[PDB]
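Participant: Starting off with a structure, shown below.
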Amino acid sequence: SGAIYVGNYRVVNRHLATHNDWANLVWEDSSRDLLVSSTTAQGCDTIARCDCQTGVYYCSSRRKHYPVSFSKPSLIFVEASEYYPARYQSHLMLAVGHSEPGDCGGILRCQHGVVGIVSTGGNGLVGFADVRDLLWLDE
Ligand SMILES: NC(=O)[C@H]1CCCN(C(=O)Cc2ccnc(O)c2Br)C1
Ligand SMILES: [Zn+2]
């Protein structure tokens with residue numbers, strides 16, 4: 001679990017969005033595993049606007065943060081799950097690191113701010129949904 005709170009927006013994994021997220025929907029994209037909902041309170045986070053390919057992510061299944069080198073956002077095949085059929089997930093960045101299903105929502109940050117959230121994993125890999133291209137989150 002986990003979310004990004006920026007301005008009057010809450011960014012979560014689309015597959016973990018609640019009834020309240022859907023009732024306050026701003027934007028969603030199944031191909032990216034992202035959903036953004038509106039909030040009444042001002043949020044705590046800053047979004048990175050950069051091309052960093054190193055950062056640190058929070059891994060809830062270890063209660064620890066890990067440094068990672070990750071690939072640039074790209075279209076990656078993701079096997080079928082209870083949430084989605086087998087498909088290509090876009091804007092996804094991979095890195096070597098530990099990740100279990102409940103780790104989705106953990107934040108990846110670089111020195112400039114929030115880069116993305118954990119969205120996939122397995123076999124010593126961790127995948128992050130990028131949010132750096134969503135410029136409207138800042139306005
Ligand atoms: N399609 C998706 O973005 C995910 C939806 C939930 C399922 N999914 C995963 O990758 C689940 C996952 C996450 C983290 N570490 C793991 O070892 C595993 Br398996 C795929
Ligand atoms: Zn950066």
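Each chain in the structure tokens gets a letter, A, B and so on, in the order shown; residues start at 1 in every chain, and ligands are counted from 1 in the order they appear.
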Could you produce a table of the residues of range 48-115 of chain A lying within 10 Å of range 16-22 of chain A, with the nearest pair of atoms per residue and their separation in Å rounded to one decimal, using only C-alpha atoms, ordered by chain and increasing residue number, as a Markdown table?

Facilitator:
| residue | atom | partner | partner_atom | distance |
| --- | --- | --- | --- | --- |
| A:83 | CA | A:16 | CA | 9.3 |
| A:102 | CA | A:16 | CA | 9.9 |
| A:104 | CA | A:16 | CA | 8.5 |
| A:105 | CA | A:16 | CA | 8.6 |

Participant: Write out the residues from the selection above, keeping N, CA and C atoms, as a PDB file, in the first residue's frame.

Facilitator:
ATOM      1  N   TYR A  83      -5.859  -8.816 -11.035  1.00  0.00           N
ATOM      2  CA  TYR A  83      -6.256  -7.447 -11.324  1.00  0.00           C
ATOM      3  C   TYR A  83      -6.319  -7.098 -12.803  1.00  0.00           C
ATOM      4  N   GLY A 102       2.090  -6.798  -1.795  1.00  0.00           N
ATOM      5  CA  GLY A 102       1.749  -5.721  -0.869  1.00  0.00           C
ATOM      6  C   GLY A 102       2.721  -4.547  -0.847  1.00  0.00           C
ATOM      7  N   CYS A 104       3.309  -2.706  -3.419  1.00  0.00           N
ATOM      8  CA  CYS A 104       2.809  -1.682  -4.360  1.00  0.00           C
ATOM      9  C   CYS A 104       2.396  -0.419  -3.604  1.00  0.00           C
ATOM     10  N   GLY A 105       2.747   0.737  -4.154  1.00  0.00           N
ATOM     11  CA  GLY A 105       2.448   2.001  -3.494  1.00  0.00           C
ATOM     12  C   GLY A 105       3.653   2.618  -2.796  1.00  0.00           C
TER      13      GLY A 105
END

Participant: Taking a cut-off of 10 Å and counting only C-alpha atoms and all ligand atoms, can you build a table that, for each residue of chain A near ligand 1, reports the nearest atom pair and how far apart they are in Å (one decimal), sorted by chain then residue number, as CSV?

Facilitator:
residue,atom,partner,partner_atom_place_in_ligand_line,distance
A:13,CA,ligand 1,3 (O),7.8
A:14,CA,ligand 1,3 (O),8.5
A:15,CA,ligand 1,5 (C),6.4
A:16,CA,ligand 1,6 (C),8.7
A:30,CA,ligand 1,1 (N),8.8
A:31,CA,ligand 1,1 (N),8.5
A:32,CA,ligand 1,3 (O),7.5
A:33,CA,ligand 1,3 (O),5.4
A:34,CA,ligand 1,3 (O),8.9
A:59,CA,ligand 1,14 (C),9.8
A:61,CA,ligand 1,15 (N),9.6
A:77,CA,ligand 1,1 (N),9.2
A:78,CA,ligand 1,1 (N),5.9
A:79,CA,ligand 1,20 (C),7.2
A:80,CA,ligand 1,1 (N),7.4
A:81,CA,ligand 1,7 (C),5.4
A:82,CA,ligand 1,7 (C),7.2
A:83,CA,ligand 1,5 (C),5.8
A:84,CA,ligand 1,1 (N),6.0
A:85,CA,ligand 1,1 (N),8.3
A:86,CA,ligand 1,1 (N),8.2
A:87,CA,ligand 1,1 (N),8.1
A:88,CA,ligand 1,1 (N),8.8
A:89,CA,ligand 1,1 (N),7.0
A:90,CA,ligand 1,3 (O),9.8
A:92,CA,ligand 1,3 (O),8.8
A:97,CA,ligand 1,15 (N),9.5
A:98,CA,ligand 1,15 (N),7.3
A:99,CA,ligand 1,15 (N),3.9
A:100,CA,ligand 1,15 (N),3.4
A:101,CA,ligand 1,13 (C),3.5
A:102,CA,ligand 1,13 (C),6.7
A:103,CA,ligand 1,14 (C),5.8
A:104,CA,ligand 1,13 (C),6.1
A:105,CA,ligand 1,14 (C),9.8
A:118,CA,ligand 1,14 (C),7.3
A:119,CA,ligand 1,3 (O),4.6
A:120,CA,ligand 1,10 (O),3.3
A:121,CA,ligand 1,15 (N),3.2
A:122,CA,ligand 1,17 (O),3.3
A:123,CA,ligand 1,17 (O),6.7
A:124,CA,ligand 1,17 (O),7.8
A:125,CA,ligand 1,15 (N),7.6
A:126,CA,ligand 1,15 (N),6.4
A:127,CA,ligand 1,14 (C),7.6
A:128,CA,ligand 1,3 (O),8.6
A:129,CA,ligand 1,3 (O),8.1

Participant: How would the residues just chosen look if you wrote them out with N, CA and C atoms as a CSV table (one decimal), in the first residue's frame?

Facilitator:
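Ended up saving to part_19.csv:
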chain,number,residue,atom,x,y,z
A,13,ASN,N,-1.9,3.2,-6.9
A,13,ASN,CA,-2.0,2.2,-7.9
A,13,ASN,C,-3.4,2.0,-8.3
A,14,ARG,N,-3.7,2.0,-9.6
A,14,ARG,CA,-5.1,1.8,-10.0
A,14,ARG,C,-5.8,0.6,-9.4
A,15,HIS,N,-5.0,-0.5,-9.3
A,15,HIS,CA,-5.6,-1.8,-8.8
A,15,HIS,C,-5.9,-1.8,-7.3
A,16,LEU,N,-5.4,-0.8,-6.6
A,16,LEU,CA,-5.6,-0.6,-5.1
A,16,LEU,C,-6.5,0.6,-4.8
A,30,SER,N,-5.4,2.3,-17.0
A,30,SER,CA,-5.2,0.9,-16.8
A,30,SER,C,-3.8,0.5,-17.3
A,31,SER,N,-3.4,1.1,-18.5
A,31,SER,CA,-2.1,0.7,-19.1
A,31,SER,C,-0.9,1.1,-18.2
A,32,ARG,N,-1.1,2.1,-17.3
A,32,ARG,CA,0.0,2.5,-16.5
A,32,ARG,C,-0.2,2.0,-15.0
A,33,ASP,N,-1.3,1.4,-14.7
A,33,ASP,CA,-1.7,1.0,-13.3
A,33,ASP,C,-1.7,2.3,-12.4
A,34,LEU,N,-2.2,3.4,-12.9
A,34,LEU,CA,-2.3,4.6,-12.1
A,34,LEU,C,-3.7,5.2,-12.0
A,59,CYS,N,10.5,-0.2,0.8
A,59,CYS,CA,10.0,-1.6,0.6
A,59,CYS,C,9.3,-2.0,2.0
A,61,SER,N,7.7,-4.7,2.8
A,61,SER,CA,7.9,-6.1,3.2
A,61,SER,C,9.2,-6.3,3.9
A,77,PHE,N,6.1,-6.1,-20.8
A,77,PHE,CA,5.0,-7.2,-20.7
A,77,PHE,C,4.9,-7.6,-19.2
A,78,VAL,N,3.6,-7.6,-18.7
A,78,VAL,CA,3.3,-8.0,-17.3
A,78,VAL,C,2.3,-9.1,-17.4
A,79,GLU,N,2.7,-10.2,-16.8
A,79,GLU,CA,1.9,-11.4,-16.8
A,79,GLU,C,0.5,-11.2,-16.2
A,80,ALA,N,-0.5,-12.0,-16.5
A,80,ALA,CA,-1.9,-11.9,-16.0
A,80,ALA,C,-1.8,-12.0,-14.5
A,81,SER,N,-2.7,-11.3,-13.8
A,81,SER,CA,-2.9,-11.3,-12.3
A,81,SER,C,-4.4,-11.3,-12.1
A,82,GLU,N,-4.8,-11.3,-10.8
A,82,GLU,CA,-6.2,-11.2,-10.5
A,82,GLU,C,-6.8,-9.8,-10.8
A,83,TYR,N,-5.9,-8.8,-11.0
A,83,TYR,CA,-6.3,-7.4,-11.3
A,83,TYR,C,-6.3,-7.1,-12.8
A,84,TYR,N,-5.5,-7.7,-13.6
A,84,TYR,CA,-5.4,-7.4,-15.0
A,84,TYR,C,-5.1,-8.6,-15.9
A,85,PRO,N,-5.6,-8.6,-17.1
A,85,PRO,CA,-5.2,-9.6,-18.1
A,85,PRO,C,-3.7,-9.4,-18.4
A,86,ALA,N,-3.1,-10.4,-19.1
A,86,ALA,CA,-1.7,-10.3,-19.5
A,86,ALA,C,-1.7,-9.1,-20.5
A,87,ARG,N,-0.7,-8.2,-20.4
A,87,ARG,CA,-0.7,-7.0,-21.2
A,87,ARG,C,0.6,-6.3,-21.2
A,88,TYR,N,0.8,-5.2,-22.0
A,88,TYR,CA,2.0,-4.4,-21.8
A,88,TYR,C,1.6,-3.2,-20.9
A,89,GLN,N,2.4,-3.0,-19.9
A,89,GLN,CA,2.2,-1.8,-19.0
A,89,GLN,C,3.2,-0.7,-19.5
A,90,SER,N,2.6,0.5,-19.7
A,90,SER,CA,3.5,1.6,-20.2
A,90,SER,C,4.0,2.4,-19.0
A,92,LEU,N,6.7,2.1,-17.3
A,92,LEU,CA,7.2,1.3,-16.2
A,92,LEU,C,8.7,1.3,-16.2
A,97,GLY,N,15.8,-5.5,-7.2
A,97,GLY,CA,15.5,-5.2,-5.8
A,97,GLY,C,14.3,-6.1,-5.3
A,98,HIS,N,14.1,-6.2,-4.0
A,98,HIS,CA,13.1,-7.0,-3.4
A,98,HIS,C,11.7,-6.3,-3.5
A,99,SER,N,10.7,-7.1,-3.9
A,99,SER,CA,9.3,-6.6,-4.0
A,99,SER,C,8.3,-7.8,-3.9
A,100,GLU,N,7.3,-7.7,-3.0
A,100,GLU,CA,6.2,-8.6,-2.8
A,100,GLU,C,4.9,-7.9,-3.2
A,101,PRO,N,3.8,-8.6,-3.5
A,101,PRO,CA,2.6,-7.9,-3.9
A,101,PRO,C,2.1,-6.7,-3.1
A,102,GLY,N,2.1,-6.8,-1.8
A,102,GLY,CA,1.7,-5.7,-0.9
A,102,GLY,C,2.7,-4.5,-0.8
A,103,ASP,N,3.9,-4.7,-1.6
A,103,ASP,CA,4.8,-3.5,-1.6
A,103,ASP,C,4.3,-2.4,-2.6
A,104,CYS,N,3.3,-2.7,-3.4
A,104,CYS,CA,2.8,-1.7,-4.4
A,104,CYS,C,2.4,-0.4,-3.6
A,105,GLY,N,2.7,0.7,-4.2
A,105,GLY,CA,2.4,2.0,-3.5
A,105,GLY,C,3.7,2.6,-2.8
A,118,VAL,N,5.9,1.8,-6.5
A,118,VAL,CA,6.0,0.4,-6.8
A,118,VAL,C,4.7,-0.1,-7.5
A,119,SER,N,4.8,-0.8,-8.6
A,119,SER,CA,3.7,-1.3,-9.3
A,119,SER,C,3.8,-2.8,-9.7
A,120,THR,N,5.1,-3.3,-9.9
A,120,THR,CA,5.2,-4.8,-10.2
A,120,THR,C,6.4,-5.3,-9.4
A,121,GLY,N,6.6,-6.6,-9.5
A,121,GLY,CA,7.8,-7.3,-8.9
A,121,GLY,C,7.9,-8.7,-9.2
A,122,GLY,N,8.8,-9.4,-8.5
A,122,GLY,CA,9.1,-10.8,-8.6
A,122,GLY,C,10.5,-11.2,-9.0
A,123,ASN,N,11.0,-12.3,-8.6
A,123,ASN,CA,12.3,-12.8,-8.9
A,123,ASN,C,13.5,-11.9,-8.8
A,124,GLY,N,13.4,-11.1,-7.7
A,124,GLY,CA,14.5,-10.1,-7.5
A,124,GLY,C,14.4,-8.9,-8.3
A,125,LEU,N,13.3,-8.6,-9.0
A,125,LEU,CA,13.0,-7.3,-9.7
A,125,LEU,C,11.9,-6.5,-9.0
A,126,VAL,N,11.9,-5.2,-9.2
A,126,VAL,CA,10.9,-4.3,-8.7
A,126,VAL,C,10.6,-3.3,-9.8
A,127,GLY,N,9.3,-3.1,-10.2
A,127,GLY,CA,8.9,-2.2,-11.2
A,127,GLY,C,8.2,-1.0,-10.6
A,128,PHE,N,8.4,0.2,-11.2
A,128,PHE,CA,7.9,1.4,-10.7
A,128,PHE,C,7.1,2.1,-11.8
A,129,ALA,N,5.9,2.6,-11.5
A,129,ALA,CA,5.1,3.4,-12.4
A,129,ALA,C,5.6,4.8,-12.3

Participant: Among chain A, which residues does DSSP mark as helix (DSSP H, G or I) when it is run on the backbone? Keep the chain and numbering as in the structure and answer as a PyMOL selection string.

Facilitator: chain A and resi 14-16+19-23+101-103+135-138

Participant: Could you pull out the residues sitting within 8 Å of ligand 2, using only C-alpha atoms and all ligand atoms, and write them as a ChimeraX atom specification?

Facilitator: /A:48-55,109-113,115

Participant: Which residues are near residue 66 in chain A? Cut-off 7 Å, only C-alpha atoms, ignore same chain within fewer than 6 positions. Put them as a PyMOL selection string.

Facilitator: chain A and resi 56-58

Participant: Extract, using only C-alpha atoms, all DNA, RNA and protein residues at most 6 Å from residue 70 in chain A, discarding same-chain residues fewer than 5 positions from it, and format them as a list in words.

Facilitator: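 Final neighbour list, sorted by chain and number: residues 53, 93, 94 and 95 of chain A.
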
Participant: For residue 3 in chain A, which residue out of A:24, A:68, A:107, A:62 is the nearest one, using only C-alpha atoms?

Facilitator: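 Distance minimum relative to residue 3 in chain A lands on A:107.
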